[PDB]
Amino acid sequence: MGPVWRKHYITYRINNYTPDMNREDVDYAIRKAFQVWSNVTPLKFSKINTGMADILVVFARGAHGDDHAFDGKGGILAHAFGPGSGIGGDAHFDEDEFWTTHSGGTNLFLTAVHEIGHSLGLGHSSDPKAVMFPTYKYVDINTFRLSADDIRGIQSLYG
């Protein structure tokens, strides 16, 4: 198996905020994405406001210091690093997308759920109904549930 966090208690911090949304909408979306994987694992996630966090959430564009430049509106929407120190675990969102709480533009909550799965050590899935499938689709946020493949996936890593 790939790398996994060696603790079940895991912290994160939001480095900066997209102008597209209200700041409280960003905190919510992100807290909720974490909630998703917390609900199917022995993992506990604690947001820190200042200091060292295992997971840094970043909004940035084009070339942003990691070797994996983004690409303007469309195309790559976000990427994340598997578990590890430093940039390990970190999740970056392409500021050139228009981030929303709804079905217009790119939904942030949905993208976060996918990216946090990479931050936890997950690959892509070959199942289209899995959040870990390589492409973005909007699904009704109210009724959103992880797929059985996703759960098998995260549970083979932690538990």
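Residues carry their position along the shown sequence, with the first being 1. Between two forms, the rigid core is the largest collection of C-alphas that superpose within 1.5 Å.
Asks: Stretch 16-24 versus stretch 135-143: after rigid core alignment, which one is farther off in C-alpha RMS in 6 other deposited structures of this protein?
Replies: After superposing on the rigid core, the more displaced stretch in 6 other deposited structures of this protein is 135-143.
Asks: Core fit done; bigger CA RMS in 6 other deposited structures of this protein for 107-115 or for 46-54?
Replies: The stretch that sits farther from the shown form in 6 other deposited structures of this protein is 46-54.
Asks: Comparing average C-alpha B factors as deposited, tell me which of 129-137 and 88-96 sits higher.
Replies: Of 88-96 and 129-137, the stretch with the higher C-alpha B-factor average is 129-137.
Asks: On average, which has the higher Cα B-factor in the deposited entry, 3-11 or 150-158?
Replies: Going by the record's values, the stretch with the higher mean is 3-11.
Asks: Among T111, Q35, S103, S119, where is the Cα B factor highest in this entry?
Replies: Each of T111, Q35, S103, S119 was compared by C-alpha B-factor; the highest is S103.
Asks: According to the PDB entry, is the CA B factor of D67 in the bottom, middle or top third of its chain, that is, lowest, middle or highest?
Replies: Its C-alpha B-factor belongs to the highest third of this chain's values.
Asks: Please place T18 in the lowest, middle or highest third of its chain according to the CA B-factor in the PDB entry.
Replies: As the PDB entry reports it, the C-alpha B-factor of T18 lands in the middle third of its chain.
Asks: Report the third (lowest, middle or highest) to which the CA temperature factor of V40 belongs, ranking only the modelled residues of the same chain.
Replies: Middle third, going by the recorded CA B-factors of the chain.
Asks: Taking the chain's C-alpha temperature factors as the reference, tell me which third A60 falls into: lowest, middle or highest.
Replies: For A60, whose C-alpha B-factor we compare with every modelled residue in the chain, the answer is the middle third.
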